[PDB]
Each structure stands twice: as structure tokens, then as C-alpha cells.
Protein chains: 2
Amino acid sequence: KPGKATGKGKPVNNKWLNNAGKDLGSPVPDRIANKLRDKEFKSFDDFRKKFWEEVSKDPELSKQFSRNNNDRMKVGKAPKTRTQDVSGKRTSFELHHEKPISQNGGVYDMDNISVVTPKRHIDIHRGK
Amino acid sequence: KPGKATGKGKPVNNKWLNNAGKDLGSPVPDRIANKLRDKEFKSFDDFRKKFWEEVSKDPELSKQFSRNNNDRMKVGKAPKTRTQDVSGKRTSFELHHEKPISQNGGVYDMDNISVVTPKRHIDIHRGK
DNA sequence: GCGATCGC
DNA sequence: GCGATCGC
DNA sequence: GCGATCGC
DNA sequence: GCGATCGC
DNA sequence: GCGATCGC
DNA sequence: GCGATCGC
């Protein structure tokens, strides 16, 4: 299921992921959407890996993460969340598509993707 | 001056480049001819590369060279010749075109391509 | 069964 | 790309 | 991620 | 040569 | 300069 | 894929 990525993203402050635990979480940063716009991805995993790689290459974004977390994002790994936002062994930050694929939701549509904590993700799926 | 590969090639024994220092040297192995037949080449420089890389991929042939030589062939570089067959900084085997493009010589016609030693290529360009 | 990340 | 994991 | 394989 | 992509 | 290979 | 070198 390949395809290209599209989207405008939103502007973000000094606490990007700060609300990744409420509602639909945090959005794709504008600067990041540009680096990835019109690009081409194999699978969604391919996207996730690149997204986090791009995050670690953005000076103002990488400044909000712990040294180890930055080392993680540099090789496609997702940053770890605060203790209170994990869910058992699920402790990384996850990407979520607002509208599923079954509802014609764009899989590589950055405006349809946001960053949420595992804890929140489980609620979002339960309906809360 | 790009082009496509072509030619039949001739069957080579176990001592392929054992006469590369006489006459016109060893011919382009049939097996290599087949594996290379009709291929997009940007320059003869590129063909040399792909050629030797194809020589290292052919078990029967790669067997005739030391490890240092296969390392080279693996990256498109030709095997170094014995010391008595080199000349100056030229220590590796060189591809020889029997006919120039002027005389309708195949620039990518394996049948018009052979492998000769530096000390021999020099004796061919002076008059046998 | 299902979304979603991990590691080669 | 593939095989495996995790919580529901 | 690590070994192939582009691309200049 | 070697950094940068592909293809598992 | 010519026919080739080297060195990124 | 481009310059740069090689020996004559």
C-alpha cells in the first residue's frame, strides 16, 4: 500500500507533545510537513520512521526531547512518553489517523495524522 | 556515447586470463555475455564496472582470483595483474576494443571487446 | 481480530 | 519487507 | 538495522 | 570513494 | 591527443 | 556521473 504524503500541518510552540494526551493529540508541525510534503512512501511504517527522523533534524523540536529520546528518533524510533502516559509495555508515542482507511481517510495525509500517547489512544478507540 | 550491450561471447576454460598478455587477450565469456546482453549503459567506463561485477558473481570465474582481486571486482574494479605484466601506475587488466567507433567497431559489442594486460595493451598501440 | 511500534 | 510484540 | 546498491 | 537511498 | 582507468 | 590521471 504505497503512496505519496500530503498536507499543510500546523504551527507548534515549545511544548508540541504536551497535549498528545487529550482529544486527538498533537498535530504534524508545519516545518515537518514541508520536509515530507509530496514525498513518496512505501508503507506507513516507512512514514513513521521518516517522520521521527525529521523531528530529530529540527533544531527547535529536538530541543524538547531528552538525549536518549533524540537518539531514538534519529533512527526511526518513536520517543518515549511520560510515565503517566504509558499503557503497560506500550511506552512510545504513536501516530493516529483521525478517519480510518475504511472511511476514505488519507493514509499519508498529514492533516489526517497526529501524535497521541498510548493511554489516550486506547480511550480514543473506546469512544471517549 | 551511451548504448546497449550485445554479442555472443566465447566459452572460457579454467584459466581465463592466462593469455591476456598476448595477441588480443582473453575473450568476453559467453556466460557473462548472456547475463549482460542488452543493457542500458551510459559510457564504456560504466560497462567495465558492471562487467567485472558480473565476473565476481560467476562462481566458476571468481574462483580463479585471490580475495583481494574479488574485493575489487565486486566494486567494478578489474583484478590486478602479476607484477611482470604491469606498467607504471597501471597494474590492472584493461578492456580492449578490437575496432574503434570509426571503423564501425562495436562500442558495446562484447564480440569486439577483450581483456588484455597493461604491458600488452601498450605493445598493441605501438604496433604489435 | 485490530491498530500500532519494534528491530533487523 | 518481514516477523513479532503490545493492549484491547 | 545491516548489507546491497544507487549517484555523482 | 562514500554518503545516501532500497529492500528485506 | 588517444584509448582507458582512477578517485571520488 | 564527472573530473582527473595514466602511459605513450
Side-chain angles (χ1 to χ4, degrees), chain A residues 1-2 20 25 39-53 57 69 71-81 85-103 105 107 112-128, chain B residues 1-2 24-25 40-54 56-57 71-81 85-103 105 107-108 112-127:
Chain A
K1 46 268 155 47
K39 221 66 178 308
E40 218 291 348
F41 294 96
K42 326 294 160 59
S43 63
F44 187 68
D45 290 72
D46 192 23
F47 183 82
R48 187 184 76 249
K49 290 141 77 164
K50 210 60 163 39
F51 173 78
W52 294 127
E53 267 159 43
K57 257 127 67 185
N69 265 339
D71 285 352
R72 284 179 66 82
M73 298 181 296
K74 223 155 281 185
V75 295
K77 287 199 185 66
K80 287 312 185 204
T81 74
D85 298 328
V86 317
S87 170
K89 287 193 177 66
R90 300 248 296 298
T91 63
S92 314
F93 272 105
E94 314 179 351
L95 302 179
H96 167 78
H97 305 85
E98 212 181 61
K99 262 48 181 185
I101 325 307
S102 69
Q103 289 177 210
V107 48
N112 188 38
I113 287 184
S114 58
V115 174
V116 300
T117 69
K119 186 187 207 69
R120 175 52 181 157
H121 214 172
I122 280 63
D123 287 317
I124 295 178
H125 293 318
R126 277 161 169 166
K128 312 305 179 177
Chain B
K1 51 126 184 58
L24 272 47
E40 197 179 12
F41 285 117
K42 302 193 185 70
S43 72
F44 193 62
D45 172 80
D46 305 296
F47 169 92
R48 182 195 51 238
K49 293 184 160 184
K50 295 304 149 191
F51 176 83
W52 293 110
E53 303 192 326
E54 271 292 340
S56 69
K57 296 177 175 174
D71 282 352
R72 286 177 53 83
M73 296 200 270
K74 247 78 157 288
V75 296
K77 290 169 156 293
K80 307 187 77 269
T81 79
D85 288 296
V86 299
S87 164
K89 279 74 180 294
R90 289 202 253 159
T91 43
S92 56
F93 290 97
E94 316 178 353
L95 294 174
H96 182 62
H97 269 141
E98 203 191 64
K99 276 203 172 192
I101 299 178
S102 60
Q103 298 173 57
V107 49
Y108 294 119
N112 183 43
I113 303 180
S114 72
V115 178
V116 299
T117 70
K119 204 273 262 292
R120 172 70 205 147
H121 214 176
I122 290 301
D123 281 321
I124 292 173
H125 283 162
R126 78 158 79 288

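Throughout, protein chains are lettered first and strands after them, A, B, ... in sequence-line order, and every chain is numbered starting at 1. Heavy-atom basis, side chains included; hydrogens, waters and symmetry copies ignored.
- At whole-Å resolution of the value, CG in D46(B) and P in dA4(G) are 15 Å apart.
- Judged by Watson-Crick and G-U wobble geometry, where both atom pairs must sit under 3.5 Å apart, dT5(C) and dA4(D) count as a base pair.
- No donor-acceptor distance shorter than 3.5 angstrom exists from the side chain of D123(A) to the backbone of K128(A), with no hydrogens or angles considered.
- Contact of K49(A) with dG7(F) (side chain to base): no donor-acceptor pair of N or O atoms is detected under 3.5 Å.
- For the pair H125(B) NE2 and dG7(H) P, the computed distance is 15 Å after rounding to whole Å.
- Side-chain nitrogen and oxygen atoms of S87(B) include none within less than 4.0 Å of the OP1 or OP2 phosphate oxygen of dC6(H).
- Rounded to the nearest Å, the gap between the P atom of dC8(H) and that of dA4(E) is 39 Å.
- Around NZ of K80(A), the count of heavy atoms belonging to other residues, nucleotides or ligands within 6.0 Å exceeds 12.
- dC2(E) and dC6(C) are spaced 16 Å apart, taking the P atom of each and rounding to whole Å.
- For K50(B), a side-chain nitrogen or oxygen approaches OP1 or OP2 of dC6(E) to under 4.0 Å.
- In this structure, the NZ atom of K77(B) is 10 Å from the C1' atom of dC8(G), given to the nearest Å.
- Contact between the side-chain N/O atoms of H97(B) and the OP1/OP2 oxygens of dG3(G) is not found at any separation under 4.0 Å.
- Residue-environment remark: NZ (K42(B)) stays at or below the threshold of 12 foreign heavy atoms within 6.0 Å.
- In this structure, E40(B) places its CD atom where only 12 or fewer heavy-atom neighbours from other residues, nucleotides or ligands lie under 6.0 Å away.
- Taking atom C1' on both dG1(F) and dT5(D), the two are 40 Å apart, rounded to the nearest angstrom.
- Taking a pair to require two hydrogen-bonding distances under 3.5 Å in either a Watson-Crick or a G-U wobble arrangement, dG1(G) pairs with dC8(H).
- Contacts of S92(B) with the nucleic acid, taken as non-hydrogen atoms under 4.0 Å apart, involve only primed sugar atoms and P, OP1 or OP2.
- When atom types are taken as modelled, the side chain of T81(B) and the backbone of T91(B) share a donor-acceptor pair closer than 3.5 angstrom.
- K1(A) has its NZ atom 10 Å from the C1' atom of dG1(D), to the nearest Å.
- Between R126(A) atom CZ and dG3(C) atom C1' there is a gap of 14 Å when expressed in whole angstrom units.
- If you measure from atom CZ of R48(A) to atom P of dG3(C), you get 15 Å, rounded to the nearest angstrom.
- Regarding contacts with the backbone of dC6(F), a side-chain N or O of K42(A) is found under 4.0 angstrom from either OP1 or OP2.
- If you measure from atom NZ of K119(A) to atom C1' of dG7(D), you get 13 Å, rounded to the nearest angstrom.
- For the pair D45(A) CG and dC2(D) P, the computed distance is 12 Å after rounding to whole Å.
- Under a 3.5 Å cut-off, the side chain of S87(A) and the backbone N or O of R90(A) do not form any donor-acceptor pair.
- Taking 4.0 angstrom as the limit, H121(A) places a side-chain polar atom (N or O) nearer than this to OP1 or OP2 of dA4(C).
- Side-chain heavy atoms of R90(B) fall under 5.0 Å from minor-groove base atoms and from no major-groove ones.
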